[PDB]
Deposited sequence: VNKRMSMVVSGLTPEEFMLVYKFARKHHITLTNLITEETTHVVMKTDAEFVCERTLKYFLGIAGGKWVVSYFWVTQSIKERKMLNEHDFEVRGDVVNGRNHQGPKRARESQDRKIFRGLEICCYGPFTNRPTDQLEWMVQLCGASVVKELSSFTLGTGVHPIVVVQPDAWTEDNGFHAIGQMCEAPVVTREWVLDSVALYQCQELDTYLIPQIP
């Protein structure tokens, strides 16, 4: 049916979503799950802040719809089409790039097609498991330990790291034969719904 999650709103804005939820029998909740159909983002006149419910909503190929969908529907006294209120961007993508759009559609071809991803080392604003769930949702396979990468030709190993959090290293290459990228690779790739070329995110691996 319809399950809504909400992001970046104030209490008085949450209340309007609540009103809208009651009028149209839409379950409204706090946490985002697979069962959620809609993510309601706060936007400007339709770019939003990159949030966890934003990445996960896109990762699930959901309706990542601007808060304007609600108030306009409240004002026009019926459920408007999500189509005309869907979010277009953030800071990885200004105004137009169609992150959520590529995603609602593409579910056949997922950006992390046949990939083995390892979120290695400490992580901060984005928990290891949230990045893992994100990465899984885009079609990848999660590896927990560097030595657990499949010894088979068909998959490509990637090591995702968040530099700031440690005090990972430049010595991952010493423990495995995988490209090591910064977590921004995952975040952008998901934001934009297009697998980013590892090139700009690769980290110095010391021989």
Open item on the list: Let me make sure I understand the coverage. Which parts of the deposited sequence, in order from the N-terminal end, have no C-alpha coordinates here?
Closed with: 1-3, 49, 172-174
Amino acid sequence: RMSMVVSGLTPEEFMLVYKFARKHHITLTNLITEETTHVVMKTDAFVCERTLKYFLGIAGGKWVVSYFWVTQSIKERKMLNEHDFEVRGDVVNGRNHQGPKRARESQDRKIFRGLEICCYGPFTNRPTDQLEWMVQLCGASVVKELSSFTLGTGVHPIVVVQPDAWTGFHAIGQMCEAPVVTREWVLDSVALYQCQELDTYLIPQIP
From here on, numbers count along this sequence of modelled residues.
Task: Between the two ranges 82-90 and 104-112, the one averaging a larger CA B factor in the entry - done: 104-112
Open item on the list: Using only C-alpha atoms and the B-factors in the entry, which stretch averages higher, 30-38 or 147-155?
Closed with: 30-38
Open item on the list: Out of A140, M175, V161, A178, whose C-alpha atom has the biggest B factor in the entry?
Closed with: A140
Task: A45 by Cα B-factor - lowest, middle or highest third of the modelled chain - done: lowest
Open item on the list: Where does the C-alpha B-factor of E13 rank in its chain, lowest, middle or highest third?
Closed with: highest
TODO: Select lowest, middle or highest to describe the third in which the CA B-factor of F68 falls within its chain in this entry.
DONE: lowest
- [ ] Tell me, lowest, middle or highest third: where does the Cα B factor of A21 rank within its chain?
- [x] lowest
Task: Third assignment of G99 from its chain's C-alpha B-factors - done: middle
